[PDB]
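All heavy atoms count here, side chains included; hydrogens, waters and symmetry mates do not. Whatever order the structure lists ligands and atoms in, that order sets their numbers, starting from 1. Chain letters run A, B, ... following the sequence lines, proteins first, then strands; residues in each count from 1.
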Amino acid sequence: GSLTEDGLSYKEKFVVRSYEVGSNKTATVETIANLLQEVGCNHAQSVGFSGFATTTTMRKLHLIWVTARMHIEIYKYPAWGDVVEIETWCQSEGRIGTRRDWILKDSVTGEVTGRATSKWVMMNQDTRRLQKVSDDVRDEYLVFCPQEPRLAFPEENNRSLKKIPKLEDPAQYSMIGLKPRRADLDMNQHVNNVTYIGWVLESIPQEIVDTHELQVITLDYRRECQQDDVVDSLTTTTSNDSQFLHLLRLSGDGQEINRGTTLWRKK
Amino acid sequence: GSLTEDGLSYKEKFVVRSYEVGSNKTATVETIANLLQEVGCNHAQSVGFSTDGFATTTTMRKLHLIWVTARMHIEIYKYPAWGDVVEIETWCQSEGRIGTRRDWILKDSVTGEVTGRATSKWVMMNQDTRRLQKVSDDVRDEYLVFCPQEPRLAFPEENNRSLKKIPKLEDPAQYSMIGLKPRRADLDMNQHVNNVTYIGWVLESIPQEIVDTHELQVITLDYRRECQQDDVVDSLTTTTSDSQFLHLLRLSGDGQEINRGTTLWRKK
Ligand SMILES: OC1CN(C(c2ccccc2)c2ccccc2)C1
Ligand SMILES: OC1CN(C(c2ccccc2)c2ccccc2)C1
């Protein structure tokens, strides 16, 4: 992997592994999400950042970046043995937070096979209190972002910015008692963001997965699942194409941890 | 990755990823086990097998036969750090009619030093009836040309840990993790639970304080029966001692054994 010529974006190639693919012999959306995370971490390391990606001022103030939303659109899932090239960049969104975008390409054809965007907010590591980005923090990372707008999702009222409603009981489908194991944790012992994507997908019936391809997934992150928490995954059909509304909540008290939507195309 | 000069082994380099490491910023034993599988699959593809979901010969496909893991044994001296490059070499050997063995050697790409080693036993099974069998001469002739003829063992030492008999854990277990269920990410391309998931489930019943203060040195795992996608598992562990543990995975309902194993840990 390497920063591009202008030093404002980062590119990396990956060979799709045998254990990374599903029944169709193509990468799962969770393998894609892991690759997006890996290339994001390699971009942060290349420009001088570090268990968390933080600036000097962020470390002094016990501040970290946390994902608020992840949005992924896949046109073609790379096959086992295929090489996928991923380009990533970040942009400041004023005082609200930051955005990281990605473009996925087939290395042989040069064709765009997917795109993704994510919203990140600043949080105090200890109190969990969200906050706006300060000028002092903003000055430390603006030199690594393009100054002119560069968007993976330029479209007028595109799906990546759509408000997601709260699923109403009773859900059409559910998967109950989901618990993270050690492999679900990151190096800081927090549940990996990609685990939540897997849990959302667990309540989609196997017949939809066997006859459809996942085209778009939008996921909001409201609260973290702790290592000793238990989750229930809920799904209701809202719709050639099938659309679903999703909700992850704690098994006991029903506290919301995530909400999302998925769009699927008939194979 | 590539076959070596003589065409009797295969080598591949891997850069350890951010999501592949634990609290110590080094690869987990499950990341290592996944890499061992990946290099094994790439070795099979390079010599003309697979491109269907299973590594099979022409005669195996005609007879609906597949290779299934009977035992996995891994010994790690140093876990590669995040960003480090690990080189893995693998090869296979026929063990007569019993089955086959695949071995691995792990090395730090910068120093050339051996950082780990692994060995696995594989048996032939009819994929529809699940009935185990010996390896026929016709099947053995199709894969013997891809194996070294003289013995080449990752674990040569007489009566080494990789060949030790593992006893069955007696109730009550000292520790347990109950109600473990596979999700879609735990499945392989044939919708079977990935062998590495069972390693993760075994490790789930080890208390977090042992993991925080010890490094896993050796793990031996026997595979007795597969966990189906709709099955639920209980992971049981008892200290037998360095720290040593005896492990047992069984179905949550009827208590049918799916795996048994042992782990050896060194105080950090
Ligand atoms: O997910 C978003 C991408 N942002 C980082 C980032 C920004 C520009 C280039 C590389 C990396 C970051 C900003 C400020 C402190 C530490 C890391 C956070
Ligand atoms: O996991 C064990 C090792 N595998 C062998 C094997 C694979 C398919 C058919 C016959 C034999 C082997 C693979 C690649 C080179 C040489 C032998 C099955």
- Using the six-membered ring wherever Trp is involved, compare the ring planes of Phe49(B) and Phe146(B) and label them parallel, tilted or perpendicular (cut-offs 30° and 60°). perpendicular
- Task: Count the heavy atoms belonging to other residues, nucleotides or ligands that lie under 6.0 Å from CD of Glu157(B), then report whether that count exceeds 12.
- Result: yes
Where does ligand 1 get N/O contacts under 3.5 Å from the protein, atom by atom?
{"unit_1": "ligand 1", "atom_1": "1 (O)", "unit_2": "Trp120(A)", "atom_2": "NE1", "d": "3.2"}

- Indicate the atoms forming the closest heavy-atom contact of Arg115(A) with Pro154(A), along with that distance. NH1-CD, 3.8 Å
- Short side-chain to backbone donor-acceptor contact, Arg224(B) and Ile258(B), under 3.5 Å: no
- Would you tell me whether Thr67(A) and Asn193(A) have side-chain atoms, one donor and one acceptor, within less than 3.5 Å of each other? yes
- Task: With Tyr77(A) as reference, evaluate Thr28(A), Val29(A), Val21(A) under the side-chain contact (heavy atoms from CB on, under 4.5 Å) test and give the passing residue.
- Result: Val29(A)
